[PDB]
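Let me give you the structure first, and then I'll get to my questions.
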Amino acid sequence: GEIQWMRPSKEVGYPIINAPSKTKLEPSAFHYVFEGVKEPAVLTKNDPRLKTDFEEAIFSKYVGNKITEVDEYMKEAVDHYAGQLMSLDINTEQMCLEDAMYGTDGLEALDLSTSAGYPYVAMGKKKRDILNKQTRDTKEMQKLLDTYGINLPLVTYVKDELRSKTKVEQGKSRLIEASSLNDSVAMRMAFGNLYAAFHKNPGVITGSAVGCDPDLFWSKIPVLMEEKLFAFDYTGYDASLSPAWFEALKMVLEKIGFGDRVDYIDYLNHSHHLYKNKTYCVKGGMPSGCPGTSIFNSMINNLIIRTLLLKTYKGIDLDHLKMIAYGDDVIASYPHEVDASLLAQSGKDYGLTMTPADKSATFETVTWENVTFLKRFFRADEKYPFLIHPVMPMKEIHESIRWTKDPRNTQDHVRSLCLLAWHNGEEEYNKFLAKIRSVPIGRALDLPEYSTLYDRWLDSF
Ligand code: NA
């Protein structure tokens, strides 16, 4: 992705957009009960912690575009992936405005808590004043579509989350490029059924895992993989995508019966952005921070892995490539060993910066004992080996519990963490609960004991 130009929004006909400059994050009742070294990301140029230009740091994610056209390998990748999806027999019909708005089987209703984007954010109109989840009224939406149309500018927000000390000083704050409610709605109408087919089919046929439930899905993954696992992490995935990867995506969409509206992808590829009093144009790069794009990134990931395997290992049998992606995150496999570093090398030529799985310094063999997916390890249950535990290390859980965004949500936030932590074992979980119960706020929470979560789990299958 590359920023073509940037200038004052007034100069091109747009208003100034106000974005909160103060973090909602602050020490929780457990700040000193658990170890942690992360703080709230920088949200403004003046932040005292900053050790470099903020504006320059947040936009530096656009490394540029390494490729213009789709080569032979990418085309081969497209034909293979498109072919796989074809077996899902996905419904190509456009989805009605009602379901696109209030959801249907396999698609959740629009999230009322996220920005409505332009121009509503500049009119002080929230999603609430537009949809009645109990009425399922489309009149208002329809009138707005007719009024403001589509292909609107994306509104940029600095993400309010925890980051390491280094990233705070280097102004490496992640960004959210929220698309207008109009486009988000138009796209769900165009691809709603594609979205549904994916949510209902997490696995190696869609090569996707969006919409999956880790507690249950972790027991299906091992059976879907080949003998040899391989994996790696991406540095700035979304931002690094070149226009060609969007064209490859459209080719897949055309082949599976959505050629009807591949133009919506152009909107993601050549995008229009608003930030503060500025407006800028980007070529390439997948608009970040939101769920609407998870599926397209996953599809593209499937195209990438396939392409690098064809360019590096001529004669490879893609029919035996078994992979599952969640945006840029991926766990893959093949009957034969492959070299991630070699693949990493082939990747540089495609605009992707690939590095060792899980922040390793060197590319080591990926095994069932060291692989992670969605920050979670895999661990067979001691009593019932066929049941697989998704295990998230306590470290990130400790980091998270030390802060709070709304005292009113302490109960939900801590319960959330409990659902993640108990998979670490009864000993660890109990220590966790005891430390929570060492301060007043914790003793007042309603939290599930271990045997209760274990029983619930065995009963969810
Ligand atoms: Na873009």
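Starting from 1, each residue takes its place in the sequence as its number. For the numbers below, each heavy atom of this structure counts, side chains included, while hydrogens, waters and symmetry mates do not.
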Quiz prompt | Check: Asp329/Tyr237 side-chain N/O donor and acceptor closer than 3.5 Å | solution =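 There is no such pair (donor and acceptor under 3.5 Å, judged by atom type) between the side chains of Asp329 and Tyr237.
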
Quiz prompt | Residue pair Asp381 / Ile388, side-chain heavy-atom distance below 4.5 Å | solution =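 Not touching, per the 4.5 Å side-chain cut-off.
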
Self-check item: Check: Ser184 side chain, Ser180 main-chain N or O, donor-acceptor pair, under 3.5 Å
Solution: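 Not a single qualifying donor-acceptor pair exists.
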
Practice problem: Spell out, as yes or no, whether a donor-acceptor pair under 3.5 Å connects the side chain of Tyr334 to the backbone of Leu318. | Solution: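 No, because the side chain of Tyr334 does not come within donor-acceptor range (under 3.5 Å) of the backbone of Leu318.
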
Quiz item: Can a salt bridge be assigned to the pair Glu98 and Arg136 using a cut-off of 4.0 Å between side-chain N and carboxylate O?
Solution: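 Result for this pair is yes, salt bridge flagged.
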
Quiz prompt | Distance, nearest 0.5 Å, that separates CG of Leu85 from CG of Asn302 | solution =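 Reported value, rounded in 0.5 Å steps: 7.5 Å.
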
Quiz prompt | Rounded distance [0.5 Å steps], CD in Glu169 versus CG in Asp47 | solution =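 Result: 10.0 Å between the selected atoms.
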
Practice problem: Could you pull out all residues at least two apart from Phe377 that satisfy ring pair (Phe, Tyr, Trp, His ring centres under 6.0 Å)? | Solution: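 Listed in chain order: nothing, the list is empty.
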
Quiz item: Quick check: does any side chain N or O of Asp233 sit under 3.5 Å from a backbone N or O of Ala357, one acting as donor and the other as acceptor?
Solution: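 Pair absent, no side-chain N/O of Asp233 close to backbone of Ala357.
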
Quiz item: Does the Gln170 side chain pair with the main chain of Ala57, one donor and one acceptor, at a distance under 3.5 Å?
Solution: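 Side chain of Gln170 to backbone of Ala57: no pair is present.
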
Exercise. Would you tell me whether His320 and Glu226 have side-chain atoms, one donor and one acceptor, within less than 3.5 Å of each other?
Key: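 A donor-acceptor contact under 3.5 Å links the two side chains.
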
Quiz item: Between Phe59 and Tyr275, is the gap from one ring center to the other below 6.0 Å?
Solution: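 Ring centres of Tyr275 and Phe59 closer than 6.0 Å.
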
Quiz item: Hey, are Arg188 and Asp99 close enough for a salt bridge, meaning a charged N less than 4.0 Å from a carboxylate O?
Solution: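 Salt bridge flag = no for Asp99 with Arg188.
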
Quiz item: About how many Å separate CD1 of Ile305 and CD1 of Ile300, when rounded to the nearest 0.5 Å?
Solution: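 Rounded to the nearest 0.5 Å, the CD1-CD1 separation comes to 12.5 Å.
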
Exercise. Check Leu253 against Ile265 and note the closest heavy-atom contact, atom names and distance.
Key: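 Heavy atoms of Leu253 and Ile265 come nearest at CD1-CG1, 3.8 Å.
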
Quiz item: Would you say the side chains of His413 and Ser400 form a donor-acceptor pair under 3.5 Å?
Solution: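 Side-chain D/A pair, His413 to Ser400: present.
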
Exercise. For the residue pair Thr23 and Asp160, confirm or rule out a side-chain donor-acceptor distance under 3.5 Å.
Key: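 Their side chains do contain a donor-acceptor pair, which is all the 3.5 Å distance test asks for.
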
Self-check item: Greater than 12 external heavy atoms within 6.0 Å of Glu35's CD
Solution: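 Incorrect, the count does not exceed 12.
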
Quiz item: Can you find a side-chain donor-acceptor pair between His273 and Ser271 that sits under 3.5 Å?
Solution: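 Note: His273 and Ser271 side chains meet the donor-acceptor criterion.
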
Practice problem: Please indicate whether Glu227 has more than 12 foreign heavy atoms, meaning atoms of other residues, nucleotides or ligands, lying under 6.0 Å from its CD. | Solution: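 Atom CD in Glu227 is not crowded, with 12 or fewer foreign heavy atoms closer than 6.0 Å.
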
Quiz item: Regarding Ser208 and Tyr326, is there a side-chain donor-to-acceptor distance under 3.5 Å anywhere?
Solution: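 No - no donor-acceptor pair under 3.5 Å links their side chains.
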
Self-check item: Close side-chain approach of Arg306 to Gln84, heavy-atom, < 4.5 Å
Solution: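 The answer is yes, as the side chains (C-beta and beyond) meet within the 4.5 Å cut-off.
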
Quiz item: For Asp111 and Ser113, does a side-chain donor sit closer than 3.5 Å to a side-chain acceptor?
Solution: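 There is such a pair between these side chains.
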
Exercise. Please check if any side-chain donor atom of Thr206 sits under 3.5 Å from a side-chain acceptor atom of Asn201, or the reverse.
Key: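 Result is no, nothing qualifies.
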
Quiz item: Who are the side chain to side chain contact (heavy atoms under 4.5 Å, CB included) partners of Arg408, not counting sequence neighbours?
Solution: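 For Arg408 the side chain to side chain contact (heavy atoms under 4.5 Å, CB included) partners, ignoring immediate neighbours, are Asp406.
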
Quiz item: Could you state the interatomic distance from CG (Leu25) to OG1 (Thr404), rounded to the nearest 0.5 Å?
Solution: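 Answer for the CG-OG1 pair, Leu25 versus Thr404, is 8.0 Å.
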
Quiz item: Which class fits the ring pair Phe296 and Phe191: parallel under 30°, tilted 30 to 60°, perpendicular over 60°?
Solution: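 Plane angle over 60°, so perpendicular.
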
Quiz item: How are the rings of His199 and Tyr195 set to each other: parallel, tilted or perpendicular (split at 30° and 60°)?
Solution: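 Tilted: the ring planes of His199 and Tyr195 meet at 30° to 60°.
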
Exercise. Using the salt bridge (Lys or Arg N to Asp or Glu O under 4.0 Å) rule, take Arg415 and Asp446 through it: C-alpha gap first, then chi angles, then the decisive distance, then the call.
Key: CA-CA 8 Å; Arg415 258 177 175 174; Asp446 181 12; 3.0 Å; yes

Quiz item: Counting only N and O atoms by type, is there a donor-acceptor contact under 3.5 Å from the side chain of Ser298 to the main-chain atoms of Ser294?
Solution: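 Checked: pair present.
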
Quiz item: Roughly how far, to the nearest 0.5 Å, is CD of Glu72 from CG of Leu310?
Solution: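 It is 9.5 Å, given to the nearest 0.5 Å.
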
Self-check item: More than 12 heavy atoms from other groups under 6.0 Å of CD1 on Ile3
Solution: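 Correct, the count exceeds 12.
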
Exercise. Taking atom NZ of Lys435 as the centre, report whether more than 12 heavy atoms of other residues, nucleotides or ligands fall under 6.0 Å from it.
Key: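 Buried by this count: over 12 neighbours within 6.0 Å.
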
Quiz item: Are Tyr450 and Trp422 near enough that their ring centres are under 6.0 Å apart?
Solution: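 Ring centres of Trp422 and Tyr450 closer than 6.0 Å.
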
Exercise. Check whether any side-chain N or O of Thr92 sits under 3.5 Å from a backbone N or O of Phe258 as a donor-acceptor pair, and report yes or no.
Key: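 No, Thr92 side chain to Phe258 backbone: no donor-acceptor pair under 3.5 Å.
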
Practice problem: Kindly determine whether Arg376 and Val391 satisfy side-chain contact (heavy atoms from CB on, under 4.5 Å), including the steps that lead there. | Solution: CA-CA 5 Å; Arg376 302 165 168 74; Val391 187; 6.0 Å; no

Practice problem: For atom CZ of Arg128, decide whether the heavy atoms of other residues, nucleotides or ligands shown that lie under 6.0 angstrom number more than 12. | Solution: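 Open: at most 12 neighbouring heavy atoms sit under 6.0 Å from CZ of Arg128.
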
Quiz item: Side chains of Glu177 and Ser179: is there a donor and an acceptor less than 3.5 Å apart?
Solution: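 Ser179 and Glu177 do not have a side-chain donor-acceptor pair below 3.5 Å.
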
Quiz item: For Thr44, does its backbone N or O pair with a side-chain atom of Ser21 as donor and acceptor, under 3.5 Å?
Solution: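 Here the side-chain-to-backbone pair does not exist.
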
Quiz item: Backbone N or O of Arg437 within a donor-acceptor pair of the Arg443 side chain at under 3.5 Å?
Solution: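 Here the side-chain-to-backbone pair exists.
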
Quiz item: Hey, are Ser60 and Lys172 close enough side-chain-wise for a donor-acceptor pair under 3.5 Å?
Solution: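 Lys172 vs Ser60: donor-acceptor pair found between side chains.
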
Practice problem: Using modelled atom types only, decide if a donor and an acceptor are shared between the side chain of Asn65 and the backbone of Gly284 within a distance under 3.5 Å. | Solution: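 No, the answer is negative, given that no donor and acceptor are paired below the 3.5 Å cut-off.
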
Quiz item: Should the pair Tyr234 and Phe232 be assigned to parallel (<30°), tilted (30 to 60°) or perpendicular (>60°) ring geometry?
Solution: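 It falls in the perpendicular class, over 60°.
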
Quiz item: Is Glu247 salt-bridged to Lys250, going by a charged N under 4.0 Å from an acidic O?
Solution: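 Yes, this pair counts.
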
Quiz item: Aromatic rings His389 and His423: how do their planes relate, parallel, tilted or perpendicular, breaks at 30° and 60°?
Solution: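 The rings of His389 and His423 stand perpendicular, inter-plane angle above 60°.
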
Quiz item: Would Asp79 and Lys255 count as a salt bridge (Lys or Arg N to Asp or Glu O under 4.0 Å) if you check the C-alpha gap in whole Å, the side-chain angles of each, and the deciding distance to 0.1 Å?
Solution: CA-CA 8 Å; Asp79 286 330; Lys255 301 175 178 293; 3.2 Å; yes

Self-check item: More than 12 heavy atoms of other groups within 6.0 Å of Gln345 CD
Solution: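 Open: at most 12 neighbouring heavy atoms sit under 6.0 Å from CD of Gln345.
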
Quiz item: Listed by chain and number, what are the ring pair (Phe, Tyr, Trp, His ring centres under 6.0 Å) partners of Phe378, not counting sequence neighbours?
Solution: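 With neighbours one apart ignored, the set is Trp218, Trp368.
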
Quiz prompt | Chi angles and distances behind the side chain to side chain donor-acceptor pair (under 3.5 Å) call for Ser346, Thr312 | solution = CA-CA 7 Å; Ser346 309; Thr312 300; 2.5 Å; yes

Quiz prompt | Residue pair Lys38, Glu396: steps toward the salt bridge (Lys or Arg N to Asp or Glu O under 4.0 Å) verdict | solution = CA-CA 10 Å; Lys38 290 184 168 181; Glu396 276 317 299; 3.0 Å; yes

Quiz prompt | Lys126 atom NZ, neighbour heavy-atom count above 12 within 6.0 Å | solution =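 No, not enclosed.
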
Self-check item: Partner of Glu39 under salt bridge (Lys or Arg N to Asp or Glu O under 4.0 Å), chosen from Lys167, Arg402, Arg163, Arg49
Solution: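 Considering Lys167, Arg402, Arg163, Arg49, a salt bridge (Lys or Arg N to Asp or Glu O under 4.0 Å) with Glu39 is found only for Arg49.
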
Quiz item: Do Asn301 side-chain atoms and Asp328 backbone N/O form a donor-acceptor pair below 3.5 Å?
Solution: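 Yes; at least one donor-acceptor contact below 3.5 Å.
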
Quiz item: Between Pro40 and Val168, what is the shortest heavy-atom contact and its length?
Solution: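 Looks like O-CG2, 4.0 Å.
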
Quiz item: How many angstroms lie between atom NZ of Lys311 and atom CD1 of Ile316, to the nearest 0.5 angstrom?
Solution: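 Spacing of NZ (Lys311) from CD1 (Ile316) equals 14.5 Å.
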
Exercise. Before giving the answer on salt bridge (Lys or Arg N to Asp or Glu O under 4.0 Å), spell out for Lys200 and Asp105 the whole-Å C-alpha distance, their side-chain angles and the decisive distance to 0.1 Å.
Key: CA-CA 9 Å; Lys200 289 171 66 60; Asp105 176 55; 3.4 Å; yes

